[PDB]
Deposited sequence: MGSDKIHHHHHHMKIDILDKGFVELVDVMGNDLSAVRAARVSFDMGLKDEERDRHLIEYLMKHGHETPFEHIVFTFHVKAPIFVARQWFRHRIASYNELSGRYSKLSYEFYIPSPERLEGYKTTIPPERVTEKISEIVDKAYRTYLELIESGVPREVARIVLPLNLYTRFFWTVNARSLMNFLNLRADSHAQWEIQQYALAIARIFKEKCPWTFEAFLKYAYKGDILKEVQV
């Protein structure tokens, strides 16, 4: 599964451990213990979250650094990113489409706003090349590249933490760009753990957009 985000980014599922039943098996130990589907619903509405920690995912994500920084703020998880110290950075930046500024009255037209951003990206990247070409160390030459540069990383997280992540990013208060990545994460989650997902929205989900956007 690979979903395309923005103009050049993406969310891709690498691996998965367990499914809805993993949560059920884990919960049975307490009381010595169709019907299973009813237990998940029960857990969800009564606040028994731990059982869901036994479902785990690993995603491959390519996103603009300003999005990555917000994502990494989630501590209950594991990360592994491409290094800007040990690698030659590619010429890939997130250039917002004109429709992104729709809703805001601006002096200059959306195409103009979009034209300038690209321009600054070229001057920035061109300079980055002179320096690397001139013998400057990569780890120091990259401080000139803008926050709209694309980066890649792996993310391993369990169901319970993932639901905390959707509560916060698949919401209208979070930035538009990362909301797009949230929907992709939500979609994949629904495909792998449909019962848990349904119960989530119906009982514990605190955000707004997932109750108005299919999958």
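Where C-alpha coordinates are absent, the deposited sequence of this PDB chain has the segments 1 to 12, 46 to 50.
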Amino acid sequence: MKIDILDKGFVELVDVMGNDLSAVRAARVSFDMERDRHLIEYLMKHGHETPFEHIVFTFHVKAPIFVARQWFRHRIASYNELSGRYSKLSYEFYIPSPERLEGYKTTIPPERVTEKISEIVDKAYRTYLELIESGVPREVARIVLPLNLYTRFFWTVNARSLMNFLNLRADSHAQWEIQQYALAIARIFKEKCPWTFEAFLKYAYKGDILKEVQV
From here on, numbers count along this sequence of modelled residues.
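Each form is matched to the other, and the largest set of C-alpha atoms that superpose within 1.5 Å is called the rigid core.
Farther on average from this form in 5 other deposited structures of this protein lies stretch 22 to 30, the comparison being between 22 to 30 and 52 to 60 by RMS Cα distance after core superposition. Of the two stretches examined, 87 to 95 and 68 to 76, the one with higher mean CA deviation in 5 other deposited structures of this protein after a rigid core fit is 87 to 95. As the entry records it, the average C-alpha temperature factor is higher for 206 to 214, out of 4 to 12 and 206 to 214. Here the stretch with the larger average CA B-factor, out of 139 to 147 and 80 to 88, is 80 to 88. In this structure the maximum Cα B-factor among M163, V56, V67, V29 is found at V29. You'll see in the entry that, of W155, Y181, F52, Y42, the Cα B factor peaks at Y42. Per the deposited record, the Cα B-factor of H38 falls in the highest third when ranked against the other modelled residues of its chain. Remark: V121 belongs to the middle third of its chain, ranked by C-alpha B-factor as recorded. In this PDB entry, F72 carries a Cα temperature factor that places it within the lowest third of its chain's modelled residues.
Looking at the C-alpha B-factors along this chain, the one for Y128 belongs to the highest third. Among the modelled residues of its chain, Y104 has a C-alpha B-factor that falls in the highest third according to the deposited record.
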